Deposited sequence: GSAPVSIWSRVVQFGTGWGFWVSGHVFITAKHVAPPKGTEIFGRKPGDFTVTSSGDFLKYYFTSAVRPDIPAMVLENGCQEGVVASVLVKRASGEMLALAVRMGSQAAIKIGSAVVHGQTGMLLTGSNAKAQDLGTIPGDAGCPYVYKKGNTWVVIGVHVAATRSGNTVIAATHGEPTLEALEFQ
């Protein structure tokens, strides 16, 4: 479904994967990233800036690292009900697009961390596995592909997954009633 060229944007990173949103912007799961202050893609700290929000991590490079790729829209999650695709790469280079119905956005507790993200329900042993964190969630919005977050967590059994998103909630901020 997703354009063939989009997969070259998914690369190994730390103990997981990350995604080039543009030639300048690389997103990943905080928990898989190399330690802060590590040289990456041949660039030293200072040649890039890093922002984190929950388990979402974004690197911005002043000079393009991948000039061969057009910029894509990065959204803070998407509307509940959107059928998105997790672009999972495995170490072998195998590419597995996993259909997922996006659920609600919330601040989700995973172990000792709190992740701002969006829940999802895998539509199909053939889901995500340890090592997949950082792979992007994308969908075709109208007539263009947009990225909404990165894979961070799943249940062992069952089809629940969590994508970390870049923002903290306003309209989507949960409050006791």
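S.K.: Deposited sequence versus model: which ranges have no CA atoms?
M.R.: According to the deposited record, C-alpha coordinates are absent for 1, 126-132, which together make up the missing parts.
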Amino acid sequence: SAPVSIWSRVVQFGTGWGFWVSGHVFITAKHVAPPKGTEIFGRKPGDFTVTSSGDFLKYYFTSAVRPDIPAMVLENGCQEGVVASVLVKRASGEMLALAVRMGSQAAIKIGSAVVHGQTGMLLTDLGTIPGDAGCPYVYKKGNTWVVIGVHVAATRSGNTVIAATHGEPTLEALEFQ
From here on, numbers count along this sequence of modelled residues.
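S.K.: Taking only the CA atoms, which stretch has the higher mean B-factor in the record, 75-83 or 91-99?
M.R.: Result of the comparison: 75-83.
S.K.: Hey, which bit's got the bigger mean C-alpha B factor in the entry, 147-155 or 29-37?
M.R.: If you average the C-alpha B-factors of 147-155 and of 29-37, the larger mean comes out for 29-37.
S.K.: Pick out which of 126, 138, 64, 110 has the highest C-alpha B-factor in the PDB entry.
M.R.: 126 has the highest C-alpha B-factor of those listed.
S.K.: Select lowest, middle or highest to describe the third in which the CA B-factor of residue 18 falls within its chain in this entry.
M.R.: CA B-factor rank for residue 18: lowest third.
S.K.: Which third, lowest, middle or highest, does the C-alpha temperature factor of residue 114 belong to within its own chain?
M.R.: Within its chain, residue 114 is a highest-third residue by C-alpha B-factor, going by the deposited values.
S.K.: Going by what the PDB entry lists, where does residue 120 fall on CA B-factor within its chain: lowest, middle or highest third?
M.R.: Its C-alpha B-factor, which the entry lists for residue 120, ranks in the middle third among residues of this chain.
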